[PDB]
$ cat my_file-v5.cif   # mmCIF, C-alpha atoms
data_data
#
loop_
_atom_site.label_atom_id
_atom_site.label_comp_id
_atom_site.auth_asym_id
_atom_site.auth_seq_id
_atom_site.Cartn_x
_atom_site.Cartn_y
_atom_site.Cartn_z
CA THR A 55 14.20 25.36 -22.31
CA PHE A 56 15.89 24.64 -25.64
CA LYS A 57 19.39 25.53 -24.41
CA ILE A 58 19.27 23.32 -21.30
CA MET A 59 18.11 20.22 -23.20
CA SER A 60 21.00 20.75 -25.63
CA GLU A 61 23.55 19.92 -22.93
CA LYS A 62 21.52 16.80 -22.12
CA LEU A 63 22.01 15.35 -25.65
CA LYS A 64 21.09 11.87 -24.32
CA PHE A 65 17.27 12.03 -24.32
CA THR A 66 16.62 8.89 -26.37
CA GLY A 67 14.22 6.99 -24.13
CA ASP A 68 11.85 9.96 -24.26
CA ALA A 69 12.24 12.29 -21.26
CA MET A 70 14.83 10.43 -19.13
CA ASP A 71 15.16 13.56 -17.02
CA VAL A 72 17.82 13.68 -14.30
CA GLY A 73 15.37 15.24 -11.83
CA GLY A 74 12.43 13.78 -9.97
CA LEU A 75 9.58 15.65 -11.69
CA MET A 76 8.50 17.36 -8.48
CA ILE A 77 5.23 18.74 -9.86
CA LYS A 78 1.85 17.24 -10.79
CA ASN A 79 -1.82 18.14 -10.30
CA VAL A 80 -4.18 15.15 -10.46
CA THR A 81 -4.82 11.55 -11.71
CA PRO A 82 -4.15 7.97 -10.53
CA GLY A 83 -1.22 7.92 -12.95
CA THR A 84 1.87 9.94 -12.09
CA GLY A 85 2.16 9.77 -8.31
CA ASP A 86 2.92 12.65 -5.96
CA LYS A 87 3.54 12.51 -2.21
CA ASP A 88 -0.25 12.12 -1.84
CA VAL A 89 0.08 8.44 -2.83
CA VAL A 90 1.35 7.65 0.67
CA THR A 91 -1.56 9.65 2.10
CA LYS A 92 -3.92 7.89 -0.31
CA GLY A 93 -2.50 4.51 0.70
CA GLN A 94 -3.03 4.97 4.43
CA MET A 95 -6.60 6.18 3.89
CA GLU A 96 -7.36 3.05 1.86
CA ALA A 97 -5.50 0.80 4.29
CA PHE A 98 -6.91 2.28 7.50
CA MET A 99 -10.15 4.17 6.87
CA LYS A 100 -11.84 1.70 4.47
CA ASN A 101 -9.89 -1.52 3.65
CA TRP A 102 -7.67 -3.08 6.32
CA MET A 103 -7.95 -1.38 9.73
CA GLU A 104 -11.59 -0.33 9.54
CA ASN A 105 -13.54 1.27 12.37
CA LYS A 106 -13.59 -0.89 15.52
CA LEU A 107 -10.69 -2.97 14.18
CA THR B 55 2.07 22.25 -28.90
CA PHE B 56 4.29 25.34 -28.93
CA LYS B 57 1.37 27.55 -27.88
CA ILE B 58 0.41 25.32 -24.94
CA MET B 59 4.10 24.90 -24.09
CA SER B 60 4.38 28.69 -23.89
CA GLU B 61 1.00 28.85 -22.12
CA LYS B 62 2.24 27.06 -18.99
CA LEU B 63 5.30 29.37 -18.95
CA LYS B 64 6.64 27.75 -15.75
CA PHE B 65 9.60 25.89 -17.30
CA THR B 66 12.13 26.08 -14.48
CA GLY B 67 12.67 22.51 -13.26
CA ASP B 68 13.51 20.81 -16.58
CA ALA B 69 10.32 18.96 -17.66
CA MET B 70 7.62 20.81 -15.66
CA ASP B 71 4.59 18.94 -16.97
CA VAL B 72 1.02 20.11 -16.34
CA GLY B 73 -0.99 17.17 -17.71
CA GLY B 74 -2.22 13.96 -16.14
CA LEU B 75 -0.95 11.39 -18.66
CA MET B 76 -3.95 9.11 -19.31
CA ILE B 77 -2.32 6.94 -21.95
CA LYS B 78 -0.41 3.98 -20.50
CA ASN B 79 -0.56 0.21 -20.84
CA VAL B 80 2.15 -1.22 -18.55
CA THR B 81 5.47 0.30 -17.43
CA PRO B 82 7.75 0.15 -14.36
CA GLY B 83 7.13 3.89 -13.92
CA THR B 84 3.78 5.60 -14.46
CA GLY B 85 0.92 3.17 -13.82
CA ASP B 86 -2.83 3.18 -14.39
CA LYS B 87 -5.44 1.99 -11.88
CA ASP B 88 -3.72 -1.42 -12.01
CA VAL B 89 -1.22 -0.19 -9.40
CA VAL B 90 -4.14 0.26 -6.99
CA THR B 91 -5.26 -3.32 -7.61
CA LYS B 92 -1.72 -4.62 -7.07
CA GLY B 93 -1.53 -3.01 -3.64
CA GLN B 94 -4.92 -4.34 -2.53
CA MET B 95 -4.16 -7.91 -3.62
CA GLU B 96 -0.88 -7.95 -1.69
CA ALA B 97 -2.60 -6.63 1.46
CA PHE B 98 -5.70 -8.86 1.06
CA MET B 99 -4.82 -12.16 -0.63
CA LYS B 100 -1.68 -12.95 1.42
CA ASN B 101 -0.99 -10.00 3.75
CA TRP B 102 -4.04 -9.37 5.95
CA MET B 103 -7.01 -11.44 4.71
CA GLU B 104 -5.36 -14.82 5.07
CA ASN B 105 -7.36 -18.01 4.60
CA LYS B 106 -9.19 -19.04 7.80
CA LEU B 107 -8.11 -15.78 9.47
CA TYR B 108 -10.31 -14.27 12.18
CA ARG B 109 -11.42 -10.65 11.74
CA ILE B 110 -13.21 -8.66 14.45
CA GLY B 111 -15.18 -5.51 13.67
CA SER B 112 -17.91 -3.46 15.29
CA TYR B 113 -19.82 -3.05 12.01
CA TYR B 114 -22.29 -5.77 11.01
CA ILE B 115 -21.16 -5.67 7.36
CA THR B 116 -19.44 -8.52 5.54
CA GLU B 117 -16.00 -8.07 4.00
CA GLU B 118 -17.57 -8.28 0.53
CA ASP B 119 -19.92 -5.35 1.22
CA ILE B 120 -19.60 -2.07 -0.68
CA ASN B 121 -18.81 -0.24 2.55
CA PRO B 122 -16.11 -2.82 3.47
CA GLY B 123 -13.13 -3.67 1.28
CA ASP B 124 -15.46 -5.64 -1.01
CA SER B 125 -13.00 -8.41 -1.88
CA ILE B 126 -12.84 -12.16 -1.30
CA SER B 127 -15.52 -14.31 0.36
CA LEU B 128 -16.24 -13.55 4.03
CA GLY B 129 -17.43 -16.29 6.36
CA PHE B 130 -18.50 -16.12 9.99
CA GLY B 131 -16.16 -17.79 12.48
CA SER B 132 -17.20 -19.56 15.68
CA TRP B 133 -15.01 -20.10 18.74
CA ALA B 134 -11.37 -19.04 19.12
CA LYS B 135 -8.16 -20.27 17.51
CA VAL B 136 -5.54 -21.89 19.75
CA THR B 137 -2.07 -23.02 18.70
CA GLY B 138 -1.52 -26.76 18.72
CA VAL B 139 -0.08 -27.95 22.03
CA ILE B 140 -0.18 -30.94 24.39
CA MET B 141 -1.43 -30.36 27.93
CA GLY B 142 1.02 -31.36 30.65
CA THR B 143 3.92 -32.04 28.28
CA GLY B 144 6.49 -31.34 31.00
CA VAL B 145 4.43 -32.82 33.86
CA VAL B 146 4.25 -29.30 35.28
CA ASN B 147 0.67 -29.71 36.54
CA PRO B 148 0.61 -31.82 39.73
CA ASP B 149 -2.25 -34.29 40.21
CA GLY B 150 -3.76 -33.36 36.83
CA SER B 151 -5.18 -35.74 34.25
CA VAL B 152 -3.15 -35.95 31.06
CA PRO B 153 -5.11 -34.25 28.24
CA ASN B 154 -4.95 -35.51 24.65
CA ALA B 155 -5.22 -33.07 21.75
CA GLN B 156 -5.94 -34.11 18.16
CA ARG B 157 -4.66 -31.91 15.34
CA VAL B 158 -7.42 -30.38 13.21
CA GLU B 159 -9.86 -31.88 15.72
CA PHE B 160 -12.70 -29.79 17.15
CA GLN B 161 -14.31 -30.93 20.41
CA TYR C 108 0.83 -11.31 17.89
CA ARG C 109 -0.35 -12.30 14.40
CA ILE C 110 -2.67 -15.19 13.55
CA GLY C 111 -2.81 -16.85 10.14
CA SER C 112 -3.81 -20.20 8.67
CA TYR C 113 -1.03 -20.24 6.06
CA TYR C 114 2.14 -22.14 6.96
CA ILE C 115 4.40 -19.50 5.40
CA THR C 116 7.06 -17.55 7.29
CA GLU C 117 6.58 -13.80 7.64
CA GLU C 118 9.92 -13.21 5.89
CA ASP C 119 9.13 -15.59 3.02
CA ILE C 120 8.42 -14.32 -0.49
CA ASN C 121 4.87 -15.67 -0.31
CA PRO C 122 4.27 -13.89 3.05
CA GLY C 123 4.62 -10.14 3.56
CA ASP C 124 8.42 -10.58 3.42
CA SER C 125 9.20 -8.33 6.39
CA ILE C 126 9.91 -8.68 10.11
CA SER C 127 10.78 -11.89 11.96
CA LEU C 128 8.06 -14.55 12.25
CA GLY C 129 7.83 -16.44 15.53
CA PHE C 130 5.48 -19.15 16.70
CA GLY C 131 2.83 -18.00 19.17
CA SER C 132 1.19 -20.23 21.76
CA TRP C 133 -2.31 -19.67 23.14
CA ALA C 134 -4.53 -16.63 22.54
CA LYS C 135 -3.62 -13.04 23.36
CA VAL C 136 -5.27 -11.70 26.53
CA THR C 137 -5.81 -7.97 27.00
CA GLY C 138 -3.71 -6.50 29.80
CA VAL C 139 -5.97 -5.96 32.81
CA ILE C 140 -7.41 -9.39 33.64
CA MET C 141 -6.10 -12.96 33.56
CA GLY C 142 -9.33 -14.94 33.74
CA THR C 143 -10.41 -17.20 36.60
CA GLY C 144 -10.90 -15.29 39.83
CA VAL C 145 -13.48 -16.03 42.54
CA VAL C 146 -16.48 -18.33 42.14
CA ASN C 147 -18.85 -15.52 43.05
CA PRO C 148 -17.29 -12.45 41.37
CA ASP C 149 -14.57 -11.12 43.66
CA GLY C 150 -11.56 -11.36 41.36
CA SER C 151 -8.12 -12.89 41.89
CA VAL C 152 -4.68 -11.28 41.48
CA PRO C 153 -3.87 -11.05 37.75
CA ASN C 154 -0.49 -11.08 36.02
CA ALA C 155 1.05 -8.46 33.74
CA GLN C 156 4.21 -7.51 31.84
CA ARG C 157 5.30 -8.59 28.36
CA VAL C 158 7.53 -11.62 27.72
CA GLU C 159 7.42 -12.35 31.46
CA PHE C 160 6.97 -16.09 32.11
CA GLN C 161 4.67 -16.55 35.11
#
$ encode --input "my_file-v5.cif" --output "structure tokens"
Amino acid sequence: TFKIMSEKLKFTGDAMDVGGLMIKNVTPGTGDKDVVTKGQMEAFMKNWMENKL
Amino acid sequence: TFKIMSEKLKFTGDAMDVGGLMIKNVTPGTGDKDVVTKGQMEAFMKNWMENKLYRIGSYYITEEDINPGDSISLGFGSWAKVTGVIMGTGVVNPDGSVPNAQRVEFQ
Amino acid sequence: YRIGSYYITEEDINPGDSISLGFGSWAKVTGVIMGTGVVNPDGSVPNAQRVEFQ
């Protein structure tokens, strides 16, 4: 962990990682691929295209 | 911090966070519940729930109900909406009386 | 077919800003019937197809 960040040497705006942070567990904050699934549930099941639409 | 940093032990993909990050105010990246509100307003205020729009549903619940989206004021609509047009503009109908249509006029 | 009371183009910044917006005349009729057929219910010959002018 320490050695890899040494070659970075540019972390000034906090993390600024070159990856995509492909891991997270829960919360409406950092968004995983479930945001798209969450969006279509809100759009179809309960907000826009409700039952009998 | 070192103990919890060693506790996760799964540092392989650079950062490898475990937390949920519940301290934010406004940023182009991580967003609080405000991002949910932004999506709904775009889809409701100007996207789907347009002013004077007609919505058809099998449930007898208003759009402001807890079960429905629960946003904006919902009003019942009577009759259908037809685009403005003049009957017999091209004289296509033979032996037909010329009909006159008034814009924004209901009759 | 999309119906809205706002005089804003579908591609405009105020509208959804996607797809091409075209004026639509009359109301959309479900494909299966065309309306007036027979005084006593017998049914006339309906029309079908999309974009077809008949």
$ interface_residues --input "my_file-v5.cif" --of "chain B" --to "chain A" --cutoff "7 Å" --atoms "all atoms listed in the file" --output "ChimeraX atom specification"
/B:65,69-72,74-75,84-87,110-112,122-123
$ atom_distance --input "my_file-v5.cif" --atom1 "CA of residue 142 (chain C)" --atom2 "CA of residue 161 (chain C)"
14.2 Å
$ atom_distance --input "my_file-v5.cif" --atom1 "CA of residue 64 (chain A)" --atom2 "CA of residue 59 (chain B)"
21.4 Å
$ closest_residue --input "my_file-v5.cif" --among "B:103, B:146, B:128, B:115" --to "chain C" --atoms "all atoms listed in the file"
B:103
$ atom_distance --input "my_file-v5.cif" --atom1 "CA of residue 108 (chain B)" --atom2 "CA of residue 112 (chain C)"
9.5 Å
$ residues_around --input "my_file-v5.cif" --residues "region 118-122 of chain C" --least-positions-apart "3" --cutoff "12 Å" --atoms "all atoms listed in the file" --output "PDB file with C-alpha atoms, in the coordinates of the input"
ATOM      1  CA  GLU B  96      -0.880  -7.950  -1.690  1.00  0.00           C
ATOM      2  CA  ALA B  97      -2.600  -6.630   1.460  1.00  0.00           C
ATOM      3  CA  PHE B  98      -5.700  -8.860   1.060  1.00  0.00           C
ATOM      4  CA  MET B  99      -4.820 -12.160  -0.630  1.00  0.00           C
ATOM      5  CA  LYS B 100      -1.680 -12.950   1.420  1.00  0.00           C
ATOM      6  CA  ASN B 101      -0.990 -10.000   3.750  1.00  0.00           C
ATOM      7  CA  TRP B 102      -4.040  -9.370   5.950  1.00  0.00           C
ATOM      8  CA  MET B 103      -7.010 -11.440   4.710  1.00  0.00           C
ATOM      9  CA  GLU B 104      -5.360 -14.820   5.070  1.00  0.00           C
TER      10      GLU B 104
ATOM     11  CA  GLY C 111      -2.810 -16.850  10.140  1.00  0.00           C
ATOM     12  CA  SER C 112      -3.810 -20.200   8.670  1.00  0.00           C
ATOM     13  CA  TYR C 113      -1.030 -20.240   6.060  1.00  0.00           C
ATOM     14  CA  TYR C 114       2.140 -22.140   6.960  1.00  0.00           C
ATOM     15  CA  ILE C 115       4.400 -19.500   5.400  1.00  0.00           C
ATOM     16  CA  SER C 125       9.200  -8.330   6.390  1.00  0.00           C
ATOM     17  CA  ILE C 126       9.910  -8.680  10.110  1.00  0.00           C
ATOM     18  CA  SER C 127      10.780 -11.890  11.960  1.00  0.00           C
ATOM     19  CA  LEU C 128       8.060 -14.550  12.250  1.00  0.00           C
ATOM     20  CA  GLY C 129       7.830 -16.440  15.530  1.00  0.00           C
TER      21      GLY C 129
END
$ resolve_selection --input "my_file-v5.cif" --expression "the PyMOL selection byres ((chain B) within 6 of (chain C))" --output "MDAnalysis selection string"
chainID B and resid 101 105:107 136:137
$ resolve_selection --input "my_file-v5.cif" --expression "the PyMOL selection byres ((chain C and resi 155) around 12)" --output "PyMOL selection string"
chain C and resi 136-141+152-154+156-161
$ write_last_selection --input "my_file-v5.cif" --atoms "C-alpha atoms" --output "mmCIF file, in the coordinates of the input"
data_model
loop_
_atom_site.group_PDB
_atom_site.id
_atom_site.type_symbol
_atom_site.label_atom_id
_atom_site.label_comp_id
_atom_site.auth_asym_id
_atom_site.auth_seq_id
_atom_site.Cartn_x
_atom_site.Cartn_y
_atom_site.Cartn_z
ATOM 1 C CA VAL C 136 -5.270 -11.700 26.530
ATOM 2 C CA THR C 137 -5.810 -7.970 27.000
ATOM 3 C CA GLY C 138 -3.710 -6.500 29.800
ATOM 4 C CA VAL C 139 -5.970 -5.960 32.810
ATOM 5 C CA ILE C 140 -7.410 -9.390 33.640
ATOM 6 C CA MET C 141 -6.100 -12.960 33.560
ATOM 7 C CA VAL C 152 -4.680 -11.280 41.480
ATOM 8 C CA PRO C 153 -3.870 -11.050 37.750
ATOM 9 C CA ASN C 154 -0.490 -11.080 36.020
ATOM 10 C CA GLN C 156 4.210 -7.510 31.840
ATOM 11 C CA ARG C 157 5.300 -8.590 28.360
ATOM 12 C CA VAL C 158 7.530 -11.620 27.720
ATOM 13 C CA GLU C 159 7.420 -12.350 31.460
ATOM 14 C CA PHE C 160 6.970 -16.090 32.110
ATOM 15 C CA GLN C 161 4.670 -16.550 35.110
#
$ residues_around --input "my_file-v5.cif" --residues "residue 154 (chain B)" --least-positions-apart "6" --cutoff "12 Å" --atoms "all atoms listed in the file" --output "PDB file with C-alpha atoms, keeping the file's coordinate frame"
ATOM      1  CA  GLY B 138      -1.520 -26.760  18.720  1.00  0.00           C
ATOM      2  CA  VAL B 139      -0.080 -27.950  22.030  1.00  0.00           C
ATOM      3  CA  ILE B 140      -0.180 -30.940  24.390  1.00  0.00           C
ATOM      4  CA  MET B 141      -1.430 -30.360  27.930  1.00  0.00           C
ATOM      5  CA  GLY B 142       1.020 -31.360  30.650  1.00  0.00           C
ATOM      6  CA  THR B 143       3.920 -32.040  28.280  1.00  0.00           C
ATOM      7  CA  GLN B 161     -14.310 -30.930  20.410  1.00  0.00           C
TER       8      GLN B 161
END
$ axis_aligned_box --input "my_file-v5.cif" --around "region 83-95 of chain A" --padding-each-side "3 Å" --output "JSON"
{"center_x": -1.5, "center_y": 8.6, "center_z": -4.3, "size_x": 16.1, "size_y": 14.1, "size_z": 23.4}
$ decode --input "my_file-v5.cif" --residues "chain C" --atoms "C-alpha atoms" --output "PDB file, in the first residue's frame"
ATOM      1  CA  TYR C 108     -46.519   9.946 -29.605  1.00  0.00           C
ATOM      2  CA  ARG C 109     -45.945  12.363 -26.717  1.00  0.00           C
ATOM      3  CA  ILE C 110     -48.410  14.975 -25.449  1.00  0.00           C
ATOM      4  CA  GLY C 111     -47.391  18.066 -23.502  1.00  0.00           C
ATOM      5  CA  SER C 112     -48.738  21.538 -22.817  1.00  0.00           C
ATOM      6  CA  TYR C 113     -45.313  23.227 -22.875  1.00  0.00           C
ATOM      7  CA  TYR C 114     -44.250  24.827 -26.168  1.00  0.00           C
ATOM      8  CA  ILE C 115     -40.650  23.618 -25.807  1.00  0.00           C
ATOM      9  CA  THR C 116     -38.885  21.354 -28.292  1.00  0.00           C
ATOM     10  CA  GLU C 117     -37.861  17.896 -27.111  1.00  0.00           C
ATOM     11  CA  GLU C 118     -34.222  18.681 -27.948  1.00  0.00           C
ATOM     12  CA  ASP C 119     -34.268  22.047 -26.153  1.00  0.00           C
ATOM     13  CA  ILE C 120     -32.396  22.590 -22.890  1.00  0.00           C
ATOM     14  CA  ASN C 121     -35.672  23.205 -21.064  1.00  0.00           C
ATOM     15  CA  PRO C 122     -37.159  19.942 -22.449  1.00  0.00           C
ATOM     16  CA  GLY C 123     -35.611  16.509 -21.927  1.00  0.00           C
ATOM     17  CA  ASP C 124     -32.919  17.446 -24.472  1.00  0.00           C
ATOM     18  CA  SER C 125     -32.989  14.143 -26.371  1.00  0.00           C
ATOM     19  CA  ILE C 126     -34.587  12.696 -29.499  1.00  0.00           C
ATOM     20  CA  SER C 127     -36.270  14.661 -32.297  1.00  0.00           C
ATOM     21  CA  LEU C 128     -39.534  16.448 -31.487  1.00  0.00           C
ATOM     22  CA  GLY C 129     -42.239  16.420 -34.145  1.00  0.00           C
ATOM     23  CA  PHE C 130     -45.727  17.877 -34.191  1.00  0.00           C
ATOM     24  CA  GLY C 131     -48.511  15.322 -33.788  1.00  0.00           C
ATOM     25  CA  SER C 132     -52.027  15.749 -35.147  1.00  0.00           C
ATOM     26  CA  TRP C 133     -55.104  14.130 -33.612  1.00  0.00           C
ATOM     27  CA  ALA C 134     -55.160  11.531 -30.826  1.00  0.00           C
ATOM     28  CA  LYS C 135     -53.430   8.153 -30.935  1.00  0.00           C
ATOM     29  CA  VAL C 136     -55.779   5.224 -31.622  1.00  0.00           C
ATOM     30  CA  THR C 137     -54.868   1.714 -30.480  1.00  0.00           C
ATOM     31  CA  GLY C 138     -54.196  -0.662 -33.362  1.00  0.00           C
ATOM     32  CA  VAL C 139     -57.241  -2.904 -33.777  1.00  0.00           C
ATOM     33  CA  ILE C 140     -60.173  -0.548 -34.404  1.00  0.00           C
ATOM     34  CA  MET C 141     -60.653   2.726 -36.280  1.00  0.00           C
ATOM     35  CA  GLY C 142     -63.956   3.925 -34.844  1.00  0.00           C
ATOM     36  CA  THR C 143     -67.208   4.311 -36.761  1.00  0.00           C
ATOM     37  CA  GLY C 144     -68.495   1.014 -38.096  1.00  0.00           C
ATOM     38  CA  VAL C 145     -72.144  -0.029 -38.468  1.00  0.00           C
ATOM     39  CA  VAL C 146     -75.105   1.760 -36.875  1.00  0.00           C
ATOM     40  CA  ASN C 147     -76.160  -1.408 -35.102  1.00  0.00           C
ATOM     41  CA  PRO C 148     -72.841  -3.014 -34.075  1.00  0.00           C
ATOM     42  CA  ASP C 149     -71.502  -4.940 -37.065  1.00  0.00           C
ATOM     43  CA  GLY C 150     -68.158  -3.206 -37.546  1.00  0.00           C
ATOM     44  CA  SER C 151     -66.538  -1.712 -40.640  1.00  0.00           C
ATOM     45  CA  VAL C 152     -63.121  -2.454 -42.166  1.00  0.00           C
ATOM     46  CA  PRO C 153     -60.439  -0.703 -40.072  1.00  0.00           C
ATOM     47  CA  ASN C 154     -57.041   0.616 -41.127  1.00  0.00           C
ATOM     48  CA  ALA C 155     -53.601  -0.307 -39.807  1.00  0.00           C
ATOM     49  CA  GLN C 156     -49.864   0.219 -40.325  1.00  0.00           C
ATOM     50  CA  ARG C 157     -47.660   3.013 -38.969  1.00  0.00           C
ATOM     51  CA  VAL C 158     -46.933   6.218 -40.901  1.00  0.00           C
ATOM     52  CA  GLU C 159     -49.310   4.990 -43.619  1.00  0.00           C
ATOM     53  CA  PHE C 160     -51.546   7.817 -44.873  1.00  0.00           C
ATOM     54  CA  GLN C 161     -55.031   6.436 -45.548  1.00  0.00           C
TER      55      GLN C 161
END
